[PDB]
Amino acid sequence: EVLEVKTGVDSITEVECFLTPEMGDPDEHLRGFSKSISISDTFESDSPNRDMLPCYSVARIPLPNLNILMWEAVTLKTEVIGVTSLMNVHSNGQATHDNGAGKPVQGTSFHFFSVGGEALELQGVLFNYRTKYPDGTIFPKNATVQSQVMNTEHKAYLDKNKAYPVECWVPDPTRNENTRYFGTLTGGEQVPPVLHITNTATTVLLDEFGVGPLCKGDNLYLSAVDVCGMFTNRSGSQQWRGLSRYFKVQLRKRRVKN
């Protein structure tokens, strides 16, 4: 049972941070990029290396210690950080045509963020159930052909960074009562990125009963994916490029019973 909101100067706080992307980082110079994408000969032989698989980013942020009172997340400001970096079309890129500039980052993107009072809850779904996922990732276990559409065995929490591959996992809509999530997959082999920034846009996190995420143990959970597309180098090889995401969350003290 959720009771009244506490008022007074002491009763509000603000969390501000950036989540870095976890795209695979194939060497010591390539933070923010995946390994070049290679293609299996068959579905049966699909076995991507770890450094080729973008993962969900997650941060657990401690809040001022309370105590029952709980911090309630009320509003969010968020945007992708470094959108202009994608204007570097002069660095080992495959040219658009002879003498032209380098191709920009483009193609499949996934832009996702969530705010919750506990870890984001995940459901596994596989493009191909016979994919061998690599050591160091957490992926759907006991995959069957049903895993290609819905196998309810594949439940997890986003409770580790650099671990849950984006392609295996989505927010579980049957759970996440204490999280608000938002995402868009834009597919297509060379779809153009469209990235907006502004410090004037706010998302309200309150449900239809006027209640936002309530932070269990005085911890706020922030999650993101910002796969912007693929970068094409001069050989034609392509690799995922991600960007960091900014979060500002405003919270207020809420009394609750039981």
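Note that residue numbering begins at 1 and tracks the sequence as displayed.
The modelled chain breaks between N67 and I68, where 4 to 9 residues of the deposited sequence lack coordinates. Mean CA temperature factor is higher for 11-19 when stretches 235-243 and 11-19 are set side by side in the entry.
For the pair 200-208 and 219-227, the record assigns the higher mean C-alpha temperature factor to 200-208. Highest CA B-factor among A143, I81, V170, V105, as stated in the entry: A143. As recorded in the entry, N161 carries the highest CA temperature factor of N161, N128, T179, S85. Remark: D98 belongs to the highest third of its chain, ranked by C-alpha B-factor as recorded.
In the deposited entry, the Cα temperature factor of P26 sits in the middle third of values across the chain's modelled residues.
When all modelled residues of the chain are sorted by CA temperature factor, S40 is found within the middle third.
In the deposited entry, the Cα temperature factor of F139 sits in the middle third of values across the chain's modelled residues.
In the PDB entry, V58 places in the lowest third of its chain by CA B-factor.
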